[PDB]
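Data block below; observations after.
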Amino acid sequence: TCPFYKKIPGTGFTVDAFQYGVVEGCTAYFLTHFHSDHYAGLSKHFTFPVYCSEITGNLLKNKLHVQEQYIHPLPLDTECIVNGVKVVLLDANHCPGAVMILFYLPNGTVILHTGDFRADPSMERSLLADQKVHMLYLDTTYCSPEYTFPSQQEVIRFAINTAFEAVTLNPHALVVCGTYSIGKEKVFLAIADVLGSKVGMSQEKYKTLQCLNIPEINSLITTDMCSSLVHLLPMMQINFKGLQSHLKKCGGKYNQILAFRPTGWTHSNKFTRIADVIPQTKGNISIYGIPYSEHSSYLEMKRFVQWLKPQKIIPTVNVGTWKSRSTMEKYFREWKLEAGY
Ligand code: NI
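Residue numbers for the sequence shown follow the authors' numbering, so the first one is 700 and each next one is one higher.
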């Protein structure tokens, strides 16, 4: 059954609650972003209103074939009414189209649901600064202090210099980048840009990217593999066996593959700096795993919650075990005591 942390009290709303059939008493289903765990259950046969951003909107229409009449896109940073309730969608700094939602309840309670987010100081100067938030439905993906990672800027600098260097030394080297969902486009686009190439991908993935309202996107991507030296593949295929195979496919146009696996966190973040990262090499094929996160680090999360000073916090990630739940509650109590709310 639909769990409690997907329900918004004193409304008939749910958030990311599409895999439970008809939820008893839901008049409107919100979708925070186009990732499968979140949209799981949607299809062309869904006949209740869905509320979402314009971009998530384009992907439901064209990737899932949901009927236009049921998609309700809303602009960001704008006070809107949905079944008698004031709401606002805010940028989540997760993947394209990803939003946080503010609900203003009839009784005067204010509720922020973060969806998936990477907390940032820029959020402290949004519509959030203008009033008090009583309840916080929080992406707690990395709520533990071991979870440090570099900024997105630093990681992009690394990958750019790595790729430029390798291709200037050996002009017959191919760059390959792994992907399995939206998000993390900056990796492959920034590499393509330093290298004077467009990115080449499958038809399904080109379609996916054509939905994202990216500026000058027609100039940055293609379905013509051959005319491009930055290729996207299924993340599954990023390994020595799957790369060697793909190397054959290019027909002696390239002798070396340099490839990037944008991970979330990996235990090597507990020891090594971004400057000191190294690849796995098997002959003419190297694989870098780079820690490009679209979720808050522990410290970014902590700062945002201590700035927001909510009265109650409800987790949406790592909720399935008592050990996780108990650990999170401990950190929430530390933050509240250190900051005095
Ligand atoms: Ni997500």
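Quick reminder that beta carbons are idealized off the backbone N, C-alpha and C, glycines included.
Proximity to residue i [Cα-Cα], best of the options
i	options	result
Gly807	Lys831, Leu775, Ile800 and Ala797	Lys831
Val1016	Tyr841, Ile800 and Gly882	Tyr841
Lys906	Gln943, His732, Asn761 and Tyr719	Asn761
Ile986	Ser996, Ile937, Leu998 and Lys1001	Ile937
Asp838	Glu723, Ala791 and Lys785	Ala791
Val787	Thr777, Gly796, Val781 and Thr980	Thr777
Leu811	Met822, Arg817 and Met799	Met799
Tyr719	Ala739, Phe733 and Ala727	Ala739
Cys751	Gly796, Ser735 and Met900	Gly796
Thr861	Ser735, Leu998, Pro1014 and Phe959	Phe959
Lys1001	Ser843, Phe729, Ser918 and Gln852	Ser843
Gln909	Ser896, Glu884, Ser967 and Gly895	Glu884
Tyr1040	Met900, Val1004 and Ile1013	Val1004
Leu998	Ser850, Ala889 and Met834	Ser850
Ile916	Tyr836, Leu888, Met935 and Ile859	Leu888
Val875	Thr867, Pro961, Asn912 and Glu767	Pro961
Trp964	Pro978, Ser992 and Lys948	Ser992
Rounded C-alpha distance that separates residue i from residue j
i	j	result
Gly877	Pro805	46 Å
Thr746	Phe717	12 Å
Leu826	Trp1006	14 Å
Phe970	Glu845	10 Å
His764	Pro748	14 Å
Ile973	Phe939	23 Å
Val898	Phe703	42 Å
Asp892	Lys743	37 Å
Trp1021	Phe1031	15 Å
residue 658	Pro820	In the structure as shown, the chain begins at 700 and stops at 1040. Residue 658 is therefore absent and cannot be evaluated.
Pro914	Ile920	12 Å
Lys1011	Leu931	42 Å
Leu946	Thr813	42 Å
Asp715	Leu942	36 Å
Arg1024	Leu928	46 Å
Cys925	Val854	28 Å
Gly882	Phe848	17 Å
residue 1054	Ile984	Look at the range of the chain in this structure, 700 to 1040, and you will see that residue 1054 is not part of it.
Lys952	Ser944	14 Å
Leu730	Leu741	10 Å
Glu723	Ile1013	21 Å
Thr980	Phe802	50 Å
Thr700	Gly1019	14 Å
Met935	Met822	34 Å
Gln852	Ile890	13 Å
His966	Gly950	38 Å
6 Å Cβ shell around residue i - same chain, five flanking residues per side excluded
i	result
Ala865	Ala872 and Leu957
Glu753	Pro772
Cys725	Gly711 and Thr713
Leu759	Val765 and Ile770
residue 1043	The question about residue 1043 has no answer, for the chain in this structure spans 700 to 1040.
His734	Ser880
Same chain, Cβ closer than 8 Å to residue i, five either side skipped, listed in chain order
i	result
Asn869	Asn954 and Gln955
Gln902	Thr922
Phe857	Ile973, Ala974, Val976 and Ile989
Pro774	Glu753 and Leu788
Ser995	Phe816, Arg817, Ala818, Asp838, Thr840, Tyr841 and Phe1003
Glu1037	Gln1005
Exposed unless 16 or more other CB atoms sit within 10 angstroms - verdict on residue i
i	result
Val721	exposed
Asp975	exposed
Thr713	buried
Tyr879	exposed
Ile780	exposed
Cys794	buried
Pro708	exposed
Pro1009	buried
Contacts around residue i, its chain only, beta-carbon distance under 7 Å, and the 5 residues preceding and following it disregarded
i	result
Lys706	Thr713
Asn968	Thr847, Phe848 and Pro990
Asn757	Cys910
beta-carbon residue i near the ligand FMN non-hydrogen atom, thresh 7 Å
i	result
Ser843	Ligands displayed in this structure: the ligand NI; the ligand FMN is not among them.
Worksheet item: Around the ligand NI, which residues pass a check of Cβ closer than 6 Å to any of its heavy atoms?
Response: Any heavy atom of the ligand NI within less than 6 Å of a residue's beta carbon puts that residue on the list, which reads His732, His734, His793 and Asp815.
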